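There is one chain below, alone, in structure tokens, taken in the form deposited in one PDB entry.
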């Protein structure tokens, strides 16, 4: 009957890019107050159709394969970074199965092993990195936009790839990852390939790192066994065959490893950076966690080195802090699909034309007064309440569906959806919690920190993930239990 209201703009190309780009949530809210929950806005020559709130979550996440395409929207963002033939550079059925393959490395039995490895890496960083140097220093300053991206790549690599990779992680591979990371930008939506050096370094890093992985894949296939059913490389060695019998090439497997690492490390880097800062602003929250962790280990007759995956299950303060950080700082502010066939928006007369892009934003709801009281207050204790819990469950469907990587909720109508929903749902949620939880406990047990200001930095929405604005540091002291 009707196409959704288009948000007025003056600049013929730019559209609403400036405002949407600077502050996505504010922009959405201004648009909502004028037009309602469903509106369109022009962006770099593309028409973005937004559906705010839980009903929007349903509309986009649970949209039919035949109606919208995620790979149409993401191809240019990721393919040049990860490599060809995986993730968005393949049909959806291939993606579904790749997710299934990777999930075999993301189970409890693996996690139980990952935890000490992830802690060890953190501890090594504490001793060797100039931010900490805990054997020499007693006070210090940590730029969390340096420490967290680095710790996250060390812990994730050690965990998912194993010790060998950790072993070869010298400064040469450091440059590559930096060269590749620098190529992982929203600029790829607009400029995926250019002949200025930055791209050259990126393409070259992709080839080099994937080759490295390929070598390790082949080497392990032949001889390797550090320990049983350890990791992601083990998993893909075994689980590399599609349902039609087609098998991933070792180059494709390598490329999938890059995707998984890059996504996981980024989302985790930002999340840990954010909860270090927010905890700095509110140091008493640190002491709560500390108290909980220390009592727990006292029960146990142990020290931090005794802290297990199972222990992480007994620490609600840790897991509430991560929830709250993902509420206030979802790493993805926007999630796109391309409209491939005219969508009718149920409970309306609107029709979304083919060629539009549909945009869903759980972050909006996360940070909206409509769903969360005092949304801009960082309070992990809200997750012990009914209201918050109610915001985490989907009213309409408690039934579950399997898209090919295991059963997920059919219902996505929850205001709080940090890990998305439906077909393209995250598979890294539990791993993220294991990694972030270990990071958080290892920090809190050894250190206490504050921030210089009275406020956490403003978020930067121009990055691949929502990162803290550039000056972002914590000032740390040692806790009586500091291991060094």
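The term rigid core refers to the most C-alpha atoms you can superpose between the two forms while keeping them within 1.5 Å. Residue numbers count along the first chain shown, from 1.
As for the form deposited in another entry, it is not shown, yet the points below apply to it.
For the listed set 123, 388, 217, 294, the sole C-alpha moving 2 Å or more between the shown form and the other one on a rigid core superposition is that of 388. A movement of the C-alpha atom of residue 227 reaching 2 angstroms or beyond is seen between the shown form and the other one when the two forms are aligned on their rigid core. Cα-Cα spacing of residue 300 to residue 113 is enlarged in that other deposited form versus the present form (difference of at least 3 Å). Whereas the displayed form keeps them at a certain spacing, the CA atoms of residue 151 and residue 226 lie at least 3 angstroms farther apart in that other deposited form.
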